[PDB]
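Here the structure is laid out as structure tokens; the discussion comes afterwards.
In the entry's author numbering, the protein residues as written are 17 to 97.
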């Protein structure tokens with residue numbers, strides 16, 4: 017049951033489901049995972065071609081992921097705040 021090409025997005029998405037997220041957070045999450053997926057493959061082309069030799073294009077992925085993990089608390093804080 018994987019909706020993304022990378023295990024990180026599927027694991028994140030499936031984990032979000034595991035956290036019992038509401039359909040809205042799962043829908044918003046899927047959108048962010050899709051954007052993160054496309055950006056991650058497109059950027060992987062950048063990193064593989066030699067475009068992100070400084071961590072600037074991936075910075076958007078690391079930040080977008082942190083934004084998703086901050087919206088769902090998938091791989092970060094999970095206590096109170």
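For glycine and all other residues, C-beta sits at the position ideal for the given N, C-alpha and C.
Residue burial classification, residue i (beta-carbon count within 10 angstroms, cutoff 16)
i, result
"residue 52", "buried"
"residue 37", "buried"
"residue 48", "buried"
"residue 56", "buried"
Helix, strand or coil at residue i [DSSP, three-state]
i, result
"residue 94", "coil"
"residue 65", "helix"
"residue 39", "helix"
"residue 70", "coil"
"residue 23", "helix"
"residue 44", "helix"
Integer Cβ distance of residue i from residue j, believed to fall under 8 Å
i, j, result
"residue 85", "residue 31", "The pair is not a contact, with the Cβ atoms about 10 Å apart (cut-off 8 Å)."
Proximity to residue i [Cα-Cα], best of the options
i, options, result
"residue 20", "75, 34, 35 and 45", "45"
"residue 78", "93, 94 and 59", "59"
CB of residue i within 9 Å of CB of residue j, strictly
i, j, result
"residue 81", "residue 42", "no"
"residue 73", "residue 63", "yes"
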